[PDB]
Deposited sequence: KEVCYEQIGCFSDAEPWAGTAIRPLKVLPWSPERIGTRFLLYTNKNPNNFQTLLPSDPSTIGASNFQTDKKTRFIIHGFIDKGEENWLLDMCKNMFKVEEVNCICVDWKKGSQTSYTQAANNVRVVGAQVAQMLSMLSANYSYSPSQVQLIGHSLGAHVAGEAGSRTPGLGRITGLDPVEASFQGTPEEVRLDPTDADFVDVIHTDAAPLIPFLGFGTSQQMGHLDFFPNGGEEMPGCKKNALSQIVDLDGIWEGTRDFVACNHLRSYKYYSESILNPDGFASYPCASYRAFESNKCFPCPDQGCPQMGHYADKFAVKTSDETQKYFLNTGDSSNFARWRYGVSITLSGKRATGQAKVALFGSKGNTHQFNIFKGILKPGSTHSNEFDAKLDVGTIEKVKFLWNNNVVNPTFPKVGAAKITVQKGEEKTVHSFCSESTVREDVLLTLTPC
């Protein structure tokens, strides 16, 4: 069977769309009018109220604040959680704080709020409509798709994939936690993949297996650059879903079943913040999140670390990094080596960096027997880049009738984005819970 819609062509239920083991059900995409796709344009001139654009009517572009001399960024959603309807606009608003741009929100909510197989297939049509908007801009306004980025969250990532597939030379597609079900294992035609655009960057935030962890995202690398903040499966500050061998995808997408969307939505929360923090998400290539957490993949490679999020395009396999558990998710990773002094004691040795741009909190470096003349290292993610490190503060908390004094004769510090190391020293020691300051050496 095949359905054909005006100007966007036809869609069949032939393989790989259906009739396969990965996509068993033969379901065709709803019509453009049932889906009700809307292209809402926001620009710095009109940051609060939209102007409606129609891909079949060039005049809407003339009757809008659209600028042919600016970049364009489409925001295409997927799963909408209660209270989350304004996220796309919230994201455009952050773009306006750093650039003059045409921000088009693509709302196709009616087409997404139905059974999963139907929502998955409706993606085909929405992506064809986005490609339609792009062919029209190209045709009637000589505006090249190289000047466009498609940001697709969840099912929207595959909507972007489709658009790219249909629009040769699209500059960029950012996938924010692309859904896995009905897309993994299919020909590149069905899913977002590197061939959909000149640069495809992907953020994974809910990649644990659907069964039984109810993870909506994918573990599979899908772009030129793939980022797995906090490992990509569980995000700090997010509650998780109760396990189950039986998941009701249809019920969750039609909005009748409970679902903890926190992990799935983090992808766009981090992207939105990255727009405002150009250095807050340095990412490190690593074999696994465990190797990263075991201090095996730091500092940044010679050429630098790519930023996860908005500025990932500045960069010329798997990338890891950590974020905060709440807003200003931005973090900067540092490495430190403490050579102990004073007397033997058992406890938790800590360090805080004080630089030109500010200082960090105290971070746990090593816990155990603190023996003079020994050296221990660790890496931690702080809340800011301290700039030039001017001094470091050592502190230890004990776990002794002689009131031992523990110190650090030397602390070396390594900023993730620098090639050199910085040395700080002291000949002093302090008692538990007393701050010792080390100076340059």
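Missing from the model, relative to the deposited sequence, are the stretches 317 to 323, 407 to 408.
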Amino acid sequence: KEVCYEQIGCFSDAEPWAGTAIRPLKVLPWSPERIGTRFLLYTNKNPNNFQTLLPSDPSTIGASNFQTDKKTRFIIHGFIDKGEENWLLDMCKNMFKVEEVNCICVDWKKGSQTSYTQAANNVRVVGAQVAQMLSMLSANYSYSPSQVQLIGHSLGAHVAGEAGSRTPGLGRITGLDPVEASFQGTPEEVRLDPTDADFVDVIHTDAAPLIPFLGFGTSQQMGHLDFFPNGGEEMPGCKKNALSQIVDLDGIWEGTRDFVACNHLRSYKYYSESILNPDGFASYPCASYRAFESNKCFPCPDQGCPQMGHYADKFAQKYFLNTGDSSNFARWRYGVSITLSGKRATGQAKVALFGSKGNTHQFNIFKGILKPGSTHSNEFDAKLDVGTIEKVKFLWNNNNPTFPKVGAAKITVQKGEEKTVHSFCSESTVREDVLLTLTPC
From here on, numbers count along this sequence of modelled residues.
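Averaged over their C-alpha atoms, the temperature factors of 194 to 202 and 94 to 102 are higher for 94 to 102.
Mean CA B-factor, 43 to 51 versus 385 to 393: the higher value falls on 43 to 51.
For the set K70, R38, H376, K410, the PDB entry puts the maximum C-alpha B factor at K70. Of the candidates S337, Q149, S274, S326, the one whose C-alpha carries the top B factor in the deposited record is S326.
For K343, the recorded CA temperature factor ranks within the highest third of the chain's modelled residues. Annotation for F213: C-alpha temperature factor in the highest third relative to the rest of the modelled chain, per the entry. Per-chain ranking of the deposited C-alpha B factor places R331 in the lowest third. For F424, the recorded CA temperature factor ranks within the lowest third of the chain's modelled residues. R172: CA B factor lies in the lowest third for its chain, per the PDB record.
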